[PDB]
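Since the structure comes first, as structure tokens, the remarks are kept for the end.
Numbers for residues simply follow the sequence, beginning at 1. Every number for a ligand or one of its atoms is a count from 1 in the order of the listing.
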Amino acid sequence: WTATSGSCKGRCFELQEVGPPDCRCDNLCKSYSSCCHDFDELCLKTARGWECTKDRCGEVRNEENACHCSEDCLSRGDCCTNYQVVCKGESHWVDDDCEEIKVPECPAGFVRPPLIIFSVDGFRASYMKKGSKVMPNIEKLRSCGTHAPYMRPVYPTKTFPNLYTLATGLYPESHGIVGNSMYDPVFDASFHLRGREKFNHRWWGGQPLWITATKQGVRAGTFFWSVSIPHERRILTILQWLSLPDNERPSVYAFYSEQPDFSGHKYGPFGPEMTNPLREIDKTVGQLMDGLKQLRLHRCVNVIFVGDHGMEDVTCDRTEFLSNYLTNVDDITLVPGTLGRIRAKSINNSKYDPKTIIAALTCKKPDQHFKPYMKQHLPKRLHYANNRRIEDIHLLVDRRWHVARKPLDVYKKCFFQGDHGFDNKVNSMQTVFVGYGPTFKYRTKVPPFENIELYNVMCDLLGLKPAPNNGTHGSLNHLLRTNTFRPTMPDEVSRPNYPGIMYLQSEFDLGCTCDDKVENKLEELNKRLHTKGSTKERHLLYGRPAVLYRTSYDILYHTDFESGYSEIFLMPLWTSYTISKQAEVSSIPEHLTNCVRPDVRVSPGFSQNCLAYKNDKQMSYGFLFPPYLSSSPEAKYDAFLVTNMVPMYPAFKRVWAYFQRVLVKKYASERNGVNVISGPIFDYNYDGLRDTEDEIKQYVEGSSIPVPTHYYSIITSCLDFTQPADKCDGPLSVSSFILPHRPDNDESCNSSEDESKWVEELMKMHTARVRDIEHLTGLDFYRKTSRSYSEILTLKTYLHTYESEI
Ligand SMILES: *[C@@H]1O[C@H](CO)[C@@H](O[C@@H]2O[C@H](CO)[C@@H](O[C@@H]3O[C@H](CO[C@H]4O[C@H](CO)[C@@H](O)[C@H](O[C@H]5O[C@H](CO)[C@@H](O)[C@H](O)[C@@H]5O[C@H]5O[C@H](CO)[C@@H](O)[C@H](O)[C@@H]5O)[C@@H]4O)[C@@H](O)[C@H](O[C@H]4O[C@H](CO)[C@@H](O)[C@H](O)[C@@H]4O[C@H]4O[C@H](CO)[C@@H](O)[C@H](O)[C@@H]4O)[C@@H]3O)[C@H](O)[C@H]2NC(C)=O)[C@H](O)[C@H]1NC(C)=O
Ligand SMILES: Cn1c(CC(=O)N(Cc2ccccc2)c2ccccc2)n[nH]c1=O
Ligand SMILES: Cn1c(CC(=O)N(Cc2ccccc2)c2ccccc2)n[nH]c1=O
Ligand SMILES: [Ca+2]
Ligand SMILES: [Cl-]
Ligand SMILES: [K+]
Ligand code: NA
Ligand SMILES: [Zn+2]
């Protein structure tokens with residue numbers, strides 16, 4: 001109930017919310033059925049339309065009109081956006097040549113350039129090029145301001161998860177909005193687009209930009225606009241707010257458009273019907289910019305034009321049904337669509353088995369258009385696991401497809417030709433970014449980046465201190481003419497030990513054997529120098545990674561590779577090596593097949609042992625620096641040290657061996673040398689963060705040797721490939737991956753074939769940013785380069801996606 005019989009007289013779109021049962025006039029009142037009786041009459045005028053016409057010029061102010069052409073309108077802040085063009089002989093903003101904005105050009109009393117967020121739903125990246133003929137205002141913004149070829153949304157590439165990530169800089173797993181449809185088990189509540197449940201604050205974690213601004217004394221317009229409020233009224237409300245007195249005027253504003261997403265669903269992304277919505281959005285941009293020019297704010301305001309996600313061709317006849325795979329299809333609940341999420345229909349059943357459900361969904365049809373995963377097995381780059389609202393079973397759906405439970409749900413719940421929500425690396429899901437204003441650069445193209453990074457930039461743009469978030473502050477400094485934020489390298493917490501030869505062979509009882517007993521002062525001073533780090537300039541190209549937590553570890557030097565060896569985890573945290581274009585692949589000599597040698601630098605008690613691997617019938621081992629790449633027969637014995645060994649499932653050894661034996665050489669060959677840093681990752685609670693020792697759930701049997709959940713590698717070369725990796729004078733190029741360490745290869749439906757038909761495809765799926773590896777290991781890479789830190793941060797957030805050109 002609300003006593004909704006007061007007045008909006010003079011309070012249309014008020015900035016502070018009055019609490020019911022006193023009637024409201026803010027743009028949420030509709031949504032609460034709490035507007036005053038006269039809200040529509042006063043606050044939603046429509047008479048005479050949105051544009052001034054010649055005969056309206058200098059009219060008598062008639063307060064009934066939607067907007068004004070009278071003489072006093074500029075001062076009242078409520079002209080139609082084309083007033084000065086039609087009545088004062090001015091030009092439209094879009095017709096003016098663009099001129100660099102070196103400094104903010106703001107009216108007196110403006111303490112800072114305002115920020116206007118212009119967000120567009122379903123605005124696919126390729127609309128920028130493909131609809132450019134019909135979007136001249138947006139095209140001016142793009143080409144005169146700062147723009148990226150595309151911006152990467154978060155997964156799932158749904159509307160609420162993406163708008164709320166833009167507002168907070170958090171992954172959906174952290175902010176809580178994990179889909180457009182959710183069930184929380186602790187709430188026993190369901191969140192959907194339809195309904196009032198979504199209005200409860202309990203769903204929305206993190207700290208959104210409007211709250212960050214308010215707490216630090218920067219005033220915000222409202223971000224939400226009622227569906228029925230026309231775009232023209234939204235623009236005019238923003239322009240009015242910008243005319244308010246200094247102490248009342250907000251500094252941050254948002255506009256939101258339901259287009260082109262609304263039409264995209266009906267007609268597909270490139271439907272003939274799509275041209276008009278794009279014309280309409282452009283016209284709205286034109287109105288804002290003309291309105292700004294009228295108030296002399298068009299060289300004062302920073303404007304962000306930003307989409308939440310793209311749109312893909314999706315039809316009913318491209319639906320996979322779970323009823324075609326499962327016999328017990330009525331015992332499950334599916335969140336359906338462009339992603340699947342499965343849980344038990346009832347938790348008062350103990351005969352429900354996620355493993356048999358997964359088994360029944362794995363590689364069952366030759367052309368299967370989805371793949372099941374336990375959520376902790378999803379590619380780490382999606383950061384989609386660490387929330388109770390995300391079901392244990394997940395289905396990644398092929399682009400262009402849907403998954404549904406039964407056929408009845410598709411004809412009793414074709415409508416659509418477009419949808420979105422797929423893996424965020426998919427081209428059709430990419431969206432847009434343009435920054436225009438005094439704080440952004442002039443006519444600048446920047447590389448594609450992730451939408452998680454913008455919260456930090458918007459905080460910079462408003463002199464705010466960002467709440468803790470998943471952006472890497474400084475990674476987008478290159479978008480900005482002038483920067484609030486100067487990033488600094490985090491301090492190393494643990495410094496290394498540099499052990500020398502301290503143990504005799506016979507002190508070890510590791511159950512290891514090696515055929516190494518075959519014997520010169522030339523090649524003896526030489527091997528000493530190798531163990532003291534003479535070749536370290538070659539294998540450690542960007543300085544040793546810094547360890548950012550308290551621990552105990554040793555640097556180990558070798559001819560071919562250097563490592564940071566953890567005495568706590570009994571294996572390296574990182575192993576670093578350079579393979580030049582010229583370098584040769586050899587095989588492991590027959591006599592050295594089962595060779596594992598004690599490391600006389602490292603005590604028996606801080607070593608692994610071969611016996612545990614013998615007793616453990618599931619678990620074998622591999623090496624971080626590959627024997628296959630040893631520079632000499634003599635150097636190869638180094639690769640067999642117990643300190644280079646790591647636990648590996650035989651199924652995973654197939655993946656690993658193929659990478660070390662075939663792929664490193666190929667990359668070296670294509671990229672003109674590569675530097676490789678490889679190591680273990682432990683993330684048993686799937687939160688994307690390095691596990692402490694007391695979190696490890698699995699050990700090689702009868703030992704203290706912890707089993708990694710994943711193995712990473714970071715592969716760096718010179719961006720200018722005419723220079724070799726080991727002699728690069730400019731920017732770097734990197735690709736990385738975090739491979740799940742799995743006892744089977746069920747993920748790859750083709751794994752019975754040769755490694756050359758499936759392994760690379762799997763690695764591509766599990767591509768990662770260096771930054772994801774930093775979170776997962778507590779290491780910090782690229783500490784010693786010739787490059788600026790902002791550029792390095794940008795490098796660390798790069799993701800190699802393996803998609804073709806947008
Ligand atoms: C992406 O960026 C984000 C943001 O920076 C990173 O997430 C942070 O990670 C931190 C480490 O995991 C985490 O810090 C913990 O916070 C606990 C208190 O948190 C509350 O307050 C904050 C601040 O206002 C708030 O953000 C939190 O909000 C969460 O919960 C609400 C409601 O439940 C949600 O609405 C909201 O979405 C958010 O949920 C998300 O985070 C939680 C974890 O907090 C997840 O579980 C959810 O699934 C969801 O993802 C909270 O309201 C604090 O109590 C913790 O302290 C414990 O651990 C430390 C270790 O140092 C120890 O010293 C303490 O004593 C304490 O231990 C005690 O509790 C243990 C477990 O209960 C128990 O075993 C012990 O016996 C002790 O009693 C801890 O400091 C921080 O909260 C989040 N922030 C957010 C927003 O998620 C994220 O890591 C980044 N991602 C990547 C990949 O880098
Ligand atoms: C709720 N909420 C939100 C989200 C929000 O503010 N709105 C605006 C809103 C506020 C109140 C009622 C309706 C919409 C919203 C709500 C649902 C769907 C889409 C946006 N963020 N923090 C918080 O706590
Ligand atoms: C969605 N939506 C909005 C826009 C909106 O509410 N938010 C706030 C919001 C908060 C939480 C979820 C979604 C939006 C927004 C606006 C611009 C950029 C980012 C977010 N207006 N009408 C509508 O229907
Ligand atoms: Ca963890
Ligand atoms: Cl969803
Ligand atoms: K074994
Ligand atoms: Na398989
Ligand atoms: Zn949509």
Side-chain angles (χ1 to χ4, degrees), residues 154-162 164-165 168-187 190-193 200-208 211-212 215 309 334-341 359 362-364 368 371 375 380-391 394-395 397 402-403 419-422 452 455-456 466-473 549-550 651 654-655 683 685-692 694-695 738 742-753 755 757-759 761-762 768-769 771-778:
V154 285
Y155 184 82
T157 55
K158 290 300 192 183
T159 290
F160 291 175
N162 279 278
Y164 201 55
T165 279
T168 62
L170 295 163
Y171 295 123
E173 82 184 352
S174 298
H175 68 49
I177 311 304
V178 308
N180 271 334
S181 169
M182 302 176 275
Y183 172 82
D184 191 294
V186 177
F187 296 164
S190 251
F191 170 121
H192 343 246
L193 294 136
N200 199 306
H201 170 61
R202 69 191 179 164
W203 300 92
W204 308 86
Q207 185 186 87
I211 297 281
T212 308
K215 279 186 182 225
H309 54 66
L334 171 80
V335 177
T338 50
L339 50 147
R341 316 211 294 280
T362 310
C363 306
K364 284 299 141 66
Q368 199 161 318
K371 185 188 292 311
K375 67 183 177 165
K380 297 303 262 172
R381 61 181 169 83
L382 311 168
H383 299 283
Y384 197 72
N386 186 215
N387 196 279
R388 72 201 188 203
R389 306 176 187 157
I390 302 170
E391 287 81 350
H394 199 81
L395 311 187
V397 178
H402 271 172
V403 58
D419 207 358
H420 52 85
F422 305 103
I452 60 169
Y455 172 76
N456 282 334
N469 67 95
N470 307 125
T472 297
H473 204 167
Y549 59 100
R550 185 64 264 169
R654 291 188 63 200
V655 180
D683 193 16
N685 58 3
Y686 53 83
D687 66 355
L689 308 173
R690 171 195 63 91
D691 291 351
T692 51
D694 72 358
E695 271 161 359
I738 302 169
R742 281 177 62 169
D744 65 64
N745 282 291
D746 291 353
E747 186 172 349
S748 324
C749 295
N750 286 312
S751 62
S752 57
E753 288 154 44
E755 282 82 14
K757 316 302 180 182
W758 59 278
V759 159
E761 173 191 334
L762 164 72
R769 315 172 297 149
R771 199 81 191 92
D772 300 323
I773 296 159
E774 299 190 329
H775 292 325
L776 279 165
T777 60

Protein non-hydrogen atoms only, distance under 4.0 Å: does atom 63 (O) of ligand 1 have such a neighbour?
no

Answer yes or no: is there a side-chain heavy-atom contact under 4.5 Å between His309 and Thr159?
yes

Give the residue, atom name and distance (to 0.1 Å) of the protein heavy atom nearest atom 35 (O) of ligand 1.
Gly205 CA, 3.8 Å

Polar contact flag, side-chain donor to acceptor under 3.5 angstrom, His420-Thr338:
no

Measure from atom 33 (O) of ligand 1 to the protein's non-hydrogen atoms and state whether any distance is below 4.0 Å.
no

Heavy-atom closest pair (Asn470 atom, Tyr171 atom, distance to 0.1 Å) is OD1-N, 2.9 Å

Nearest protein heavy atom under 4.0 Å from atom 18 (C) of ligand 1, yes or no
no

For atom 12 (O) of ligand 1, the protein heavy atom that lies nearest, with its residue and separation:
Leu689 CD1, 4.1 Å

Give a yes/no answer: is there an N/O/S atom of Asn745 under 3.0 Å from the Na ion (ligand 7)?
yes

Can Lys380 and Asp683 be counted as an ion pair, charged N to O under 4.0 angstrom?
yes

Do the side chains of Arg769 and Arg381 get nearer than 4.5 Å, heavy atoms only?
no

Qualifying residue, where the test is side-chain hydrogen bond (donor to acceptor under 3.5 Å, both in side chains) with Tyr455 and the options are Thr168, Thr165, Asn469, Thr212
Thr212

Within the structure, does at least one protein heavy atom fall under 4.0 Å of atom 75 (C) of ligand 1?
no

Flag yes if more than 12 heavy atoms outside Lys215 fall under 6.0 Å of its NZ atom; otherwise flag no.
no

Would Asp687 count as being in polar contact with ligand 1, using the rule that some N or O on each side must be under 3.5 angstrom apart?
no

Decide, yes or no, whether a salt bridge links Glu747 with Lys371 under the criterion of side-chain N to carboxylate O below 4.0 Å.
no

Looking at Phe187, is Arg388 sitting on its ring face, NZ or CZ under 6.0 Å from the six-membered ring centre and within 45 degrees of the normal?
yes

heavy-atom search around atom 2 (O) of ligand 1 in the protein gives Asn470 ND2, 2.2 Å

N, O or S of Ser751 under 3.0 Å from the Na ion (ligand 7):
yes

Is there side-chain contact between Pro336 and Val403, with heavy atoms separated by less than 4.5 Å?
no

Residue and atom name of the nearest protein heavy atom (relative to atom 38 (C) of ligand 1), distance in Å to one decimal
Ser174 O, 4.0 Å

Can you pull out the closest protein heavy atom to atom 49 (C) of ligand 1? Residue, atom name and distance to 0.1 Å, please.
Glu173 O, 3.7 Å

For atom 52 (O) of ligand 1, decide whether some protein heavy-atom distance is shorter than 4.0 Å.
no

With backbone taken as N, CA, C and O and side chain as the heavy atoms from C-beta onward, which portion of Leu170 lies under 4.0 Å from ligand 1: side chain, backbone, both, or neither?
side chain

Quick check: do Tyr164 and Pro208 have side-chain heavy atoms less than 4.5 Å from each other?
yes

In Å, rounded to the nearest 0.5 Å, how long is the span from CZ of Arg341 to CZ of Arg389?
11.0 Å

Heavy atom of protein closer than 4.0 angstrom to atom 5 (O) of ligand 1
yes

For ligand 1, is there an N or O atom under 3.5 Å from any N or O atom of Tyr171?
no

I'd like to know: is the Na ion (ligand 7) within the 3.0 Å range of an N/O/S atom from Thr362, strictly under that distance?
no

Polar atom proximity, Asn386 to ligand 1 (N or O, under 3.5 Å):
yes

4.0 Å protein heavy-atom contact status of atom 87 (O) of ligand 1, strictly under:
yes

Can you name the atoms of ligand 1, numbered from 1 with element, that are less than 4.0 Å from a heavy atom of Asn387?
48 (O), 49 (C)

Hey, is atom 91 (N) of ligand 1 under 4.0 Å from any protein heavy atom?
yes

Identify the heavy atoms of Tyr384 and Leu339 that sit nearest to each other, and give their distance.
OH-CD1, 4.4 Å

